[PDB]
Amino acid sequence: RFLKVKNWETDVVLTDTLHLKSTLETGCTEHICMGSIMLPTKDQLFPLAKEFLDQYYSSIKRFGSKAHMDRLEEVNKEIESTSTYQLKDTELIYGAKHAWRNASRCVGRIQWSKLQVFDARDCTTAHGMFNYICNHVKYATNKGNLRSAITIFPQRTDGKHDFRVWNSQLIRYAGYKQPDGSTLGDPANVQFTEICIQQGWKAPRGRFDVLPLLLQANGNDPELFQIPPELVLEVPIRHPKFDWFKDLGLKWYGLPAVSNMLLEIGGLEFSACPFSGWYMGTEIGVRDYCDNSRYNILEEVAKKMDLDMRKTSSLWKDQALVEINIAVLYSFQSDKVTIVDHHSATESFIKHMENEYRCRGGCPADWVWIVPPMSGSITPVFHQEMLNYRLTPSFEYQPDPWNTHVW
């Protein structure tokens, strides 16, 4: 009922009680752990609204005040009548900040209380959505000095009028299959890149073509829009000692902006809620550049480095990986675009966990995601026991819209 987690490097032991407030299910049972699986009504709504509004008023030191109870009646009356309800601005901001605070897979949560919330609930069309998104992109990018933000479009109603951003991130590169059988660009986006084409996009057919936004408003068919190029900050990748590195022709964008998730607050569902922060270097250098199913560049780099690629035991992949990652951090830093290294980020998250334990009685965390994809054990999170559980408000995955939309 009261659980302890230990850091095996420092012996620090924390007691978790926050998990008892957990509500949603994990996918595990007493017989089987699924910790490494990637994807494990009016009557229903008031209980969810009540639970939310109680935590909200408790947070503002007004638990069981008249203003607390009045709002509970108000929302009750509103549900019983309209079969849904609308969040006050204060509640919406609180709900969004807490969805982030509760995101067990996010290592950057020390930042959670500094989130700029853009309320786009007045939006009615895809052009309106495009305008909101451009403003989000420019605000957050801030000439390289990145600031966290989320833009929140109207909540789901009958599910036949959903707002959706079809892109997985606001800014990503296209992927094309060639006769060669190979992939040009980002293989992760081949399908979407095709859906854009099938929709009219004129692909440049290059290695780093910024996809267009495919925006869906009020359940209508989605429309294409090109983000003003001048709003998309990109970084050419060079190495501080290998002059040949620049010749690899690599670049990445400065703004990570996840756009395909669903925000749930007080039982209300916001299916279009793009949010952004800034990168941890490994995301680009380890995963985007080196995953076999991504730009998969280890072989080329290794060759430029003249390493013995004869045998795995020379660790040539590991050598190349380090250099690639030095280059990413160096390039973002030189151009003054915000980026965090994995050492710095994980040390932050350990401090965040400790704040959260003493202030909230816990911090849900998914060790499988939090531990960086390179140099795991030389980062402090590797040695930290974590407990994973689901709190609400939350960000949730949702099915790709094209598998679900009826044209």
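Here the rigid core means the biggest group of C-alpha atoms that line up within 1.5 Å when the two forms are laid on top of each other. Sequential numbering from 1, following the sequence displayed.
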#### Entry: Greatest C-alpha divergence in 7 other deposited structures of this protein once each structure is fitted on the rigid core, 243-251 or 153-161
153-161
### Task
Would you say which of 330-338 and 175-183 moves more relative to the shown form in 7 other deposited structures of this protein, going by RMS C-alpha distance with the core superposed?
175-183
### Message
Zero if continuous, otherwise a range: how many residues of the deposited sequence are missing coordinates between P40 and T41 (none, 1 to 3, 4 to 9, 10 or more)?
### Response
10 or more
### Query
Out of 197-205 and 248-256, which one has CA B-factors that are higher on average in the deposited record?
197-205
### Summary
Of 343-351 vs 54-62, the stretch with the larger average CA B-factor in the entry is 54-62
### Message
Out of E300, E269, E283, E234, whose C-alpha atom has the biggest B factor in the entry?
### Response
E300
### Message
Between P228, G128, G144, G181, which one tops the list for Cα B-factor in this entry?
### Response
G181
#### Entry: Assigned third (lowest, middle, highest) for the C-alpha B factor of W316
middle
### Query
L18: which third of its chain by C-alpha temperature factor?
middle
### Task
Ordered by C-alpha B-factor within the chain, which third holds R156? Give me lowest, middle or highest, please.
middle
### Task
Would you mind ranking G361 by its C-alpha B-factor against the rest of the chain and naming the third, lowest, middle or highest?
middle
#### Entry: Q116 - Cα temperature factor, lowest/middle/highest third of chain
lowest
